[PDB]
Structures are given as structure tokens and as C-alpha cells.
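Just one chain follows, in the form deposited without this ligand, and it is written as C-alpha cells.
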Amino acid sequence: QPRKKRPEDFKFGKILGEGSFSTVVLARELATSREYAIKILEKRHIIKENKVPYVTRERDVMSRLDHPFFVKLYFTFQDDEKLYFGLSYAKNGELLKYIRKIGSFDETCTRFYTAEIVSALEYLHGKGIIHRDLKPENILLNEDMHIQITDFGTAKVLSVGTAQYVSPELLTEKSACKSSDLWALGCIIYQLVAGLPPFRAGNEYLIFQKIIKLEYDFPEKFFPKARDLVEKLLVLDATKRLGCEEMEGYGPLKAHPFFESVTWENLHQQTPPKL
């Protein structure tokens, strides 16, 4: 392996993202002219706020992963005050931005991007890893417009996330499983099509109320096969969500009529439909 990298090895530029206890900064490595998204954390702050387990979890998970649809951790280093994680730079930023930009996806784009997310989760879950906070904000887009999923501090490795995407089991048990990610997937599909998350309200409490009641509905202009699929994912009983182990996994999920024209084997090699 190459020698440990250091801050002076890079020219730092603009801020790419702000976390609860971290900041992601675009950086160019001088020797290679390569661009990385460097996540910077203050050791003192992480210790003071008892965040060490989240930092460690993200490092350990983002290292075990080797798949095109996930942001990769290339290297780490530190100076007296800070930790630096060198991550893949996804030039086109957050999926959330594109949803806001174009309003709502047509069926061809919904299907392609939904398929990449499903394919990514199949990989992740096959490694016994659960994301636990999947959302448009951490589904990034590469220069090529393929997804790259990031933000793994909340992940769990098998032996409360963002309000709008929280699964019922978190609200009623404080427990999460692979199926929690599938619930998130259902919300994300709904949002790609409707342009809005399914569970919306004045505040967090009211959102949680709707979730545990499964109180939401489809606009008239919702692709019917997408609706059927969403209905098989947004299910209160976590053991009855399409894709989960008790439902026999990813086979039946990928075989859903909404994905009829999808070629699953090489999505990363296909050219994404123009947004």
C-alpha cells in the first residue's frame, strides 16, 4: 500500500456537504490531479459528543463495500486535530436536487433509477448490511449519472433516521432490519413519481402519526405498476414487504411488473435515460 496521505497532499476547494459532526470538502490530490470528496471530522468534537461509534461504523462499512453504486472509501488519515476520509467524488450531487429540479420523474427514469437502487440494496443486504437511513439526500449521482449511495454512519452490520422515511418498526419497537431499507425504498419511489414523499405534515410528530397509521395516498397521475409496487413495500408488517427474506428476497422484487423491461445484470454499463 502507498504511504499515508496528508492534508498538504491536496488542494482543498468548495464544501460539498455538511453533516451533524463532519464536513465534506472537494479536494484535488496534487500528485495525481485526482478529485476526492474528503470528509473531515474534528476528533475533539467527536469524543466530546460521544460519536466515536458512528465514525468507526462508517469507516468499517464503507471499506467492506466494493460495488459501483456505492461511494467508496479510498483512504484515511489524520493530523493533530482532524480525521480525513477520502471518498468517491460524485460530481452531480444529490438525487434530491434532481427531484426538486425537474419536479417528478417520468416512468422511464423512475424505473431506471429505482432499479439501480434495488440492485444496490441487493448487494448491500447480501453482505448482511442495513443502511437504516436511506434517502434522496444520500443517494448521489456520479458524473455519468449513475447512483452512488453514501452516508453509512447509521448503518448496521448483522450478526432514528430522517422523519419522512422512518419505518413503522422504528416508531413502535426501536428495531430495524433489511426490511426497513425496503420501506425507505417505497417512500423514495413514491417521491420520484409524485414529486413529494408520501408522509408529509406540519411537523415530525404529525409525520410519525401518519406513518404508524399508513396514512397516505396516491395522486391520480401515478404509474399504476409503480403504485402496485409501492403498495407492496409500504406495508406496516415488515415481514410482508416485497424483497425481504420472509417474502423470498430479491427475486420476486426484481420480477415485479414495474421492472418488466429492465436488464438487471449490467445496469452500471447502461446509459441512464436523460432527466
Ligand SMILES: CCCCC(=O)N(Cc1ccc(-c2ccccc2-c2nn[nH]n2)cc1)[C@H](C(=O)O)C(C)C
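The first residue of the sequence shown is number 1, and the count goes up from there.
Although not depicted, the form solved in complex with this ligand is the subject of the following passage.
In the deposited bound form, do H146, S261 and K274 all put a heavy atom within 4.5 Å of this ligand?
Verified in the deposited bound form; spot residues all out of contact, no.
Taking this ligand as it sits in the deposited bound form, is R3 in contact with it (heavy atom to heavy atom, 4.5 Å or less)?
Residue-level check for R3: no, no contact with this ligand.
Would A31 count as touching this ligand in the deposited bound form under a 4.5 Å heavy atom rule?
No, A31 is distant from the partner.
Report whether the minimum heavy atom distance between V55 and this ligand in the deposited bound form is within 4.5 Å.
Looking in the deposited bound form, residue contacts with this ligand include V55, since a heavy atom lies within 4.5 Å.
With the cut-off set at 4.5 Å between non-hydrogen atoms, does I117 touch this ligand in the deposited bound form?
Flag for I117 set to no.
Only one of 109 to 117, 182 to 190, 76 to 84, 168 to 176 has heavy atoms within 4.5 Å of this ligand in the deposited bound form; I'd like to know which.
It is 76 to 84 that comes within 4.5 Å of the partner.
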